[PDB]
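**Q** Residue numbers 1 to 130, in the authors' numbering, belong to the letters of the sequence shown in order.
Quick reminder that beta carbons are idealized off the backbone N, C-alpha and C, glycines included.
This structure is in structure tokens; I'll ask about it shortly.
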Amino acid sequence: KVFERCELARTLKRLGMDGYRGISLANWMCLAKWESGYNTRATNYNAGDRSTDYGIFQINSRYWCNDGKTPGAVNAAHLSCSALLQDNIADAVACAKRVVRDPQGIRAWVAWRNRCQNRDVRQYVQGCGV
């Protein structure tokens with residue numbers, strides 16, 4: 001499902017993402033924007049280390065979800081990467097919150113550093129009424 005900007009921004013707000021770990025909704029929009037353009041189907045293979053980034057937040061199968069194909073990876077006791085490709089983003093959100101409790105926080109996604117770090121991210125939540 002390709003989301004609309006404000007719909008997503010309201011959705012994440014409902015899921016408790018605003019101010020989570022010191023991370024505004026505006027920053028969560030920025031991240032999702034630059035990671036998948038707001039598309040839940042988004043899948044990015046990483047030929048070099050042979051990993052895959054899944055869903056709206058482009059979660060990597062080596063550390064947080066397992067697809068079985070990834071070399072050097074988390075056991076099939078975890079969450080399946082398929083769960084991150086659904087239209088409903090509650091699970092991706094759940095995993096997202098997990099990823100960031102690690103010390104580096106939001107810096108986890110290099111894309112956020114490149115595009116969202118130390119900048120005015122308000123355009124993302126602009127007029128969404130949240």
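1. Quick check: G55 and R62, are their CB atoms within less than 8 Å of each other?
2. Considering only residues of the same chain and omitting the five flanking positions on each side of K1, which have a CB-CB separation below 6 Å?
3. I'd like to confirm the pairing. Which residues does DSSP put opposite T43 in its beta bridges?
4. Report, in whole angstroms, the separation of the C-beta atoms of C128 and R10, which I expect to be a contact under 8 Å.
5. Tell me, to the nearest whole angstrom, how far the beta carbon of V130 is from that of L25; I am working on the premise that it is less than 8 Å.
6. Could you tell me the alpha carbon to alpha carbon distance between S80 and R122, rounded to whole angstroms?
7. Enumerate in chain order the residues of its own chain whose CB-to-CB distance from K13 is below 7 Å, with the five nearest sequence positions on each side excluded.
8. Run through the DSSP bridge pairs and tell me what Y20 is partnered with.
**A** In short:
1. The criterion of a C-beta distance shorter than 8 Å is not satisfied by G55 and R62.
2. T40, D87
3. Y54
4. 6 Å
5. 6 Å
6. 33 Å
7. Excluding five sequence positions before and after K13, the CB atoms of its chain that fall closer than 7 Å to its own CB belong to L25, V130, given in chain order.
8. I23
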